[PDB]
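Next comes just one chain, in structure tokens: the form deposited without the ligand.
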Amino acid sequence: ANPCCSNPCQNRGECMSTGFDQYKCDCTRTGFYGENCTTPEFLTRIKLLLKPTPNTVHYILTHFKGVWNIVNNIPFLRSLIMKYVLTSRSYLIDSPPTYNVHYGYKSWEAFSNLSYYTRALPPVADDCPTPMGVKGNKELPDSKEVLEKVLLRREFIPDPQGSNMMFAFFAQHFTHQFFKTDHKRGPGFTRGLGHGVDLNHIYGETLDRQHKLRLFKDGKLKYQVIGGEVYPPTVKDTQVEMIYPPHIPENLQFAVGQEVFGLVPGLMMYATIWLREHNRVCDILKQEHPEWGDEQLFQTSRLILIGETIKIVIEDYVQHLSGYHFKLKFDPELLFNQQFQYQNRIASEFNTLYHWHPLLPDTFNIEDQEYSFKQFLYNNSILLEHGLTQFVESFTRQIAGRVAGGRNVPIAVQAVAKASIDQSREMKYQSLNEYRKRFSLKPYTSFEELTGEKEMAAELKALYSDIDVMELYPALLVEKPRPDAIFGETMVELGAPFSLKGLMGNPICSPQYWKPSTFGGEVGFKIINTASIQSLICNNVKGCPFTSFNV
């Protein structure tokens, strides 16, 4: 019924109903004009030719290794390139934010209510004839069919980039601070009202939860010592709410910032490391500031660990993931002379993009064991038996699964994968091609172009019929990867602007915050600017074992 159901407005033009069967496109500042914002202005047509494809840019960044080696050691050049990466990506994101699951038009409710995930593309209206608008059948294909035909893992496909379990568990730990779905309200809602890197997965979302986790001396967090090793305190001791089955022994009911980190020993591993890191920084700051109280030591440590997290995410985590030969740099100063909004709202699609279910291995190899999923879930005793040292060494060696390329989702989490499809439809996501156009990508013209092969493409075609009806989430997993890479084009071009906007959008990246005195002097500041995934383990893991995000 809604005339905007076909998504007629192109090039990020805004559709508005002007009657019962009439619409108008707002091409304001789109660089286009006309009824559908399809007719390019003069300067627009020029930029369209000079601007290369994402695959071309990706190729350059992943080749000419010797050339980039020169670039990386030239500060002025490295800064200029990183600056371009930051600016060009962030312009894809609406900031301040616009739509959510309940509003396909802008409203104060959609802007002010922080309980919502925001939306890069508005939902398909309720009165639309088809789930994707007007294209496709009355109903999308069976989610179970799609899951089994092109998603479920037949044989474990390893990651050509060699991402290890240290990478996988960092990804889940890191992103669990801003993807906290409020299942009470629905998939379009979040409990992470901070909408970014606040480290609530360490310090708790609320003040009362924080205060229960704090020692209230020397700025430190509460902890217990088992076998000489520092671990998070217990539920019984702190009285913070954690999610554990009732049979878990008291000393194994670890109390941490995120209530679900007791689900996975891998998550509790990083939880322990960051806990130790916080208290380590507390020791450092106190030595520098013996005149400081417990409150200032705690708050200053937190700001430092926020910095450390962002530093590691960019220069180690993303650096590995991208496959670039360019040395990515975390440097807030790059944006000081640029137009940039220091704020962020977590996008529902970014949560969807991050559903990297194929990442998970068949078994979790630790030391000389090979635990299954049923053995791994809610079993922190594995963490205590082997210790952090053994965990780091084991997880650095074990390879993870390939996300794109189709047919690699372990059946142990098939219910979760199916839910990603269902909840995407429930939230009325637009199609793959509409999201591709939203991020300046060419729409696929066939399922074979999408997957790069014939077998899976044929199964998809029998299911969806029209390529313009292909869903975003399943496509991400079946997409034709980049040459010897973990991801396809769509995963990167969509996720990277969500990511960098959330990293650099942090208030500690703003010029008033990005000062040494903010972090307790040059000593605190250096901890941030020298942070790495290696030093974090070296500075929290016994014996200081080697580690990286690849095998």
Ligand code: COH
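Numbers for residues come from their place in the sequence shown, where the first is 1.
Another form exists, deposited with the ligand bound; not displayed. Remarks below refer to it.
**Student:** Is the site here open or blocked once the ligand, taken in the deposited bound form, is overlaid via the site C-alphas (blocked: 3+ ligand atoms within 2.4 Å of backbone or C-beta atoms)?
**Tutor:** Check passed, pocket reads open.
**Student:** Partner absent here, but in the deposited bound form, which of 413 to 421, 124 to 132, 300 to 308, 284 to 292 has residues with a heavy atom within 4.5 Å of the ligand?
**Tutor:** Residues of 413 to 421 come within 4.5 Å of the partner.
**Student:** Since only the chain is shown here, I'm wondering whether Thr234 would be in contact with the ligand in the deposited bound form (any heavy atom pair within 4.5 Å).
**Tutor:** Residue-level check for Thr234: no, no contact with the ligand.
**Student:** If you check in the deposited bound form, is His183 within 4.5 Å of the ligand, heavy atoms only?
**Tutor:** Contact with the ligand, yes.
**Student:** Even though the ligand is not shown here, does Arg280 get within 4.5 Å of it in the deposited bound form, heavy atoms only?
**Tutor:** Result no; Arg280 lies far from the ligand in the deposited bound form.
**Student:** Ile202: heavy atom within 4.5 Å of the ligand in the deposited bound form?
**Tutor:** Flag for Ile202 set to no.
**Student:** Ok, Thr175, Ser95, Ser465, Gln398: which has a heavy atom sitting within 4.5 Å of the ligand in the deposited bound form?
**Tutor:** So the residue touching the ligand in the deposited bound form, by this definition, is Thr175.
**Student:** Between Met242, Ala171, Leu213, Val230, only one gets a heavy atom within 4.5 angstroms of the ligand in the deposited bound form; which residue is that?
**Tutor:** Exactly one listed residue reaches within 4.5 Å, namely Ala171.
**Student:** Using a 4.5 Å cut-off on heavy atoms, which residues of 489 to 511 contact the ligand in the deposited bound form?
**Tutor:** Heavy-atom contacts to the ligand in the deposited bound form: nothing from 489 to 511.
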